[PDB]
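Everything on this sheet refers to the single structure shown next.
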Amino acid sequence: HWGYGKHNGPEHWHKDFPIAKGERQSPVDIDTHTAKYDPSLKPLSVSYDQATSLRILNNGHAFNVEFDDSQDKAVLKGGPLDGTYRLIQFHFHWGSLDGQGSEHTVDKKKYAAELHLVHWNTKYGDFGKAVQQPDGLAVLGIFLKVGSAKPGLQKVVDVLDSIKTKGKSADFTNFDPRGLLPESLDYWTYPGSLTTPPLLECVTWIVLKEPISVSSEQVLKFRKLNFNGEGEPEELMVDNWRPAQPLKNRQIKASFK
Ligand SMILES: [Zn+2]
């Protein structure tokens, strides 16, 4: 029964998921004055040309756009990573107001939202095995600010009416995740965790420096989603973000000077 309310939000998660107070929790604040350039970091390789989206699902905490991860169709490699990581889903976290919504922060700045493209390391065979490993997942995080519309998001926005409430799904084929990327692939990277229960410390985070812009109408449609199921009391799906956690014994590395 975890969520983002008063009685079940991030500050309660540790009772059921004690690693919430662990050594490698996410998100974190990215201090651009202490992150150090690492010349051994390689460019990211994002290979999404054969991506096969299947479905979109309201899981009661966000919505997931799901992919076929039974072949190396949409993969992330390079950067800080060893090996090949397959895209399984993306989702967002967003606010009730444009001044909050992101999970990571940059010099304490909160963005309106944050996109997470979730990938698992093919050496572990399946997502469920990957999340048990410290190098099991690679999550590409992309900030959203409100400004111009993002044309490549509009197909997602327009399906949201069909998945208003928890447990609803809809076919969602032929969606191209390349339309969600910024121009630059400059990034920060650090070792961390899932940002939702079970909060497993299995993620190499790759957070892009450059935000994407979405329109105020686009974000407004995110905020019409519901956390509840159909026929239950309506509670708008907003503020589904975990705040920054202690960095502890970690360094954030930058791919760029
Ligand atoms: Zn996420």
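Restricting to Cα atoms and excluding each atom paired with itself, what does the Kirkwood estimate give for the stretch 7-66 in Å? Hydrodynamic radius (Kirkwood, Cα only) of the stretch 7-66 equals 16.4 Å.
Annotation: extensible slack from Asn8 through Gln50 equals 11.2 nm (criterion: 0.36 nm per residue apart, minus Cα-Cα distance).
Extension gain, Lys129 to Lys155, is 6.2 nm, computed as 0.36 nm per intervening residue step minus the present C-alpha separation.
Panel note: the C-alpha atoms of the chain, placed on their principal axes, show extents of 52, 40, 38 Å (largest first).
The value for the stretch 158-197 of Rg(Cα) / (2.2 N^0.38 Å) is 1.74. What is the distance in Å between the Cα centroid of the stretch 73-141 and that of the stretch 10-56? One Cα centre to the other: 5 Å. Measuring r between the beta carbons of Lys224 and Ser70 and using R0 = 25 Å, the FRET efficiency lands at 0.15. About its Cα centre, the dipole of the chain is roughly 480 debye, where the only charges are +1 on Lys and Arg Cβ and -1 on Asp and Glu Cβ.
Extension gain for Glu217 to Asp239 (0.36 nm times residue separation, less C-alpha to C-alpha distance): 6.2 nm.
Think of the chain as a dipole: +1 on every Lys or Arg Cβ, -1 on every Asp or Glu Cβ, centred on the Cα centre; then among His61, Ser255, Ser215, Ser255 lies furthest on the positive end. With R₀ set to 30 Å, the beta-carbon distance separating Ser40 from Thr122 gives a calculated FRET efficiency near 0.85. When each of the peptides 192-204, 157-169, 227-239 is scored by the mean number of other C-beta atoms lying within 10 Å of its residues, the order from highest to lowest reads 192-204, 157-169, 227-239. Rounded to whole numbers, the Karplus 3J(HN,Hα) couplings from phi for the stretch 223-229 are 6, 8, 4, 10, 6, 7, x Hz, using 6.51 cos²θ - 1.76 cosθ + 1.60 with θ = phi - 60°, and x at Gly and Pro. With Cα atoms as the point set, the stretch 82-187 shows a radius of gyration and Dmax of 15.4, 41 Å.
If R0 equals 30 Å, the separation of the Cβ atoms of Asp107 and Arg250 corresponds to a calculated FRET efficiency of about 0.95.
Short to long, the 10 Å bins of the Cα pair-distance histogram for the stretch 111-257 hold 10, 32, 38, 18, 1, 0 percent of all pairs.
Using alpha-carbon pairs under 8 Å, 6+ residues apart, how would you state the relative contact order of the chain in percent? Once normalised by length, the contact order is 26 percent.
Bear in mind that the values in this text are calculations on the coordinates, not laboratory data. No Cβ is skipped: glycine too gets one built from the backbone with ideal geometry, and neighbour counts run over all protein chains shown.
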